[PDB]
Protein chains: 2
Amino acid sequence: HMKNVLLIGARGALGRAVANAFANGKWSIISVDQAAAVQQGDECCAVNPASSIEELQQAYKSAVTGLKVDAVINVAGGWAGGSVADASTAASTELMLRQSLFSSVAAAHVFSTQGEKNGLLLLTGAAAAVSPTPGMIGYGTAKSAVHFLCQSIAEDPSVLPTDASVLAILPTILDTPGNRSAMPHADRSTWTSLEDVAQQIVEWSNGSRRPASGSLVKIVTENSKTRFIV
Amino acid sequence: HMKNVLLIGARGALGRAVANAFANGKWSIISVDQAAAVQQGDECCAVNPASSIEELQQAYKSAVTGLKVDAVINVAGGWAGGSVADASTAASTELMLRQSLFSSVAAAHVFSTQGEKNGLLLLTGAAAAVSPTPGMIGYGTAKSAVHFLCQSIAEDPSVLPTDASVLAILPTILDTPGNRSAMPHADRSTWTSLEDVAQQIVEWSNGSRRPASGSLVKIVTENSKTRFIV
């Protein structure tokens, strides 16, 4: 368990896949999640969903005190729909901002100050958020902001450990319990396996060849085969 | 005073310029500002700086109850610097998000539901936020998100009144009391006059020719002359 990873969103479907892929292992895993950490048998930090970015930052700093972190992995966030015509868009956009953007700003600061040389900061965007998202204002605005944050971090590498990388993954559709439940009978040939994403995150984290720091990495599945593409 | 404008950020330097340009007039002005509304002699709604997007939305809906709004103008927001290396970036990024993005999501919903035909939704971006902003993470991420929001609104015009427009202004440098104070002796030849921006917002609001709904409008000043450019 020589290498250290801070895992944000550890209790979501993609978070559990990522924790499973770490633990090979080789890795010591420090996990955090908002509201949704069952806080029973789980060795996961529960942080309040009403947390400020500064509160997230302090909670993350605390969880890894006196560690060099090789990887900070943020795979937090769910989904909601809504246009500006919908009253519901106000709350859903704030929720998506908190889950994805607040967590990513705090996570970047911990990686900057406690990251190890050759380490990885990985954030979670959305392939759809590369374009206007009139029907998913919250989801698209939050994820677009994560993409922007990824690019801005990379633009000044002096803020990262030596030879560190930041990457954002842009999933299209993930094969999650939620999606299976929603559409039991659907053609899932374009639905990316969580194990495939998790395994790729752990290789990148281990210092396999990575796309250029700053890359938006689209996760494209056809006939149940997956490419990681810039 | 036939036409109605909801003005968000009315107590900032650009907000006062915009209120002055309305009042020609011809316009009935309903103004809102966070923390900074002096709430003495001022006919301005003071909204709490800790407001949720839904709270902003309700406060905006209340301020214009039983009006058709020809214009919703959001010129709120200040500035802070900071990279991900800075502990201060967490709080400054949340502050910029609240001032600019929270206000813009709420303002878009009020314009969708209470806007008049041929009306204007105007948001405030930043010319610099078209590119990575490693040295101003908060400011750039918040403003980039406003640009994205502007584009997403325009992408589905069924959410807006008939022949309505949304625009985002991308200032580079504004000739504000704050900037004059900071650099009394500086060459201000590239600093845009607030009166010039305000006057252009009021013409667009009145239904002058506008760039295409969705435009990011850069405000470019050289030798103290200004162009509004896409």
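Conventions used here
Residues numbered from 1 in each chain as written, not as in the entry; some residues may be left out. Chains lettered and ligands numbered in written order. Heavy atoms only, no water. Residues with missing side-chain atoms left out of burial classes, pairs and counts. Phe/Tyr/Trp six-rings, centres within 6.5 Å; stacked < 30°, edge-to-face > 60°. Buried < 20%, exposed > 50% of the residue type's maximum accessible area, 1.4 Å probe, protein only. Helix = DSSP H or I, 4+ residues; strand = E, 2+ residues; numbered from the N terminus. Pairing = 2+ DSSP bridges. Contact = heavy atoms within 4.5 Å. Axes fitted to C-alpha atoms, helices over the stretch in contact; angles between N-to-C directions. Parallel < 35°, antiparallel > 145°, perpendicular 65-115°, else oblique. Left-handed = near helix turned anticlockwise from the far one by under 90°. Nonpolar A, V, L, I, M, F, W, Y, C, P; charged D, E, K, R; others polar.

Per the PDB record, the structure was determined using X-ray crystallography to 2.1000 Å resolution.

**Some details on the packing of aromatic side chains**
Residue and element names in this part refer to chain B. Taken as a whole and judged by the stated rule, the model has four aromatic pairs over all chains. Ring geometry for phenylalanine 22 and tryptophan 27: centres 4.7 Å apart, planes at 65°, overall edge-to-face. Note on accessibility: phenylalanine 22 and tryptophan 27 belong to one class, buried. Look at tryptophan 204 and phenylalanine 228: their rings are 5.9 Å apart centre to centre, the planes differ by 75°, and that puts the pair in the edge-to-face class. You can see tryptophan 204 sitting in helix α6 (residues 194–206) and its partner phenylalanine 228 sitting in strand β8 (residues 225–229), a full 24 residues away along the chain.

**Examining the sheet that holds strand β4 (residues 69–74) of chain A**
Residues and elements named next belong to chain A. Reading across from one edge, β3-β2-β1-β4-β5-β6-β7-β8 is the order of the eight strands in this open sheet, with mixed pairing throughout. With one partner strand each, in any of the chains shown, β3 (45–46) and β8 (225–229) form the two edges of the open sheet. Strand direction decides the pairing type here: strand β2 (residues 27–33) and β3, joined by two bridges, are parallel. The residue bridging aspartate 33 from the neighbouring strand is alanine 46, located in β3. Sheet strands in contact with helix α3 (residues 89–114) are β1 (3–8), β4, β5 (115–124) and β6 (165–171), and its direction is about 175° off that of β5.

**Comments concerning the packing of α3(A) against helix α4 (residues 137–155) of chain A**
The relative placement of two packed helices comes down to the angle between their axes together with the axis-to-axis distance. Residues and elements named next belong to chain A. Remark: α3 packs on α4, axes separated minimally by 7 Å, with the N-to-C direction vectors making an angle of 20°. Between α3 and α4, the angle is such that the two are roughly parallel. The hand of the α3/α4 crossing is right-handed. Here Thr89, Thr93, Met96, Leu97, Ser100, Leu101, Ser104, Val105 and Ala108 of α3 lie close against α4, whose contacting residues are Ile137, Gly138, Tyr139, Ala142, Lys143, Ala145, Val146, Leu149 and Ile153. When the residues that make up the contact of α3 with α4 are grouped by side-chain class, the tally is twelve nonpolar, five polar and one charged.

**Here we look at the environment of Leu167(A)**
Residue and element names in this part refer to chain A. Considering the arrangement of structural elements, one finds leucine 167 in strand β6. When the C-alpha positions of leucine 167 and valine 220 are compared, they lie 16 Å apart, and in sequence the two are 53 residues distant. If near-sequence neighbours (up to four positions away) are discounted, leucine 167 is found in contact with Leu120, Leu121, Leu122, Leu123, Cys150, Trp204, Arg210, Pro211, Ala212 and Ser215.

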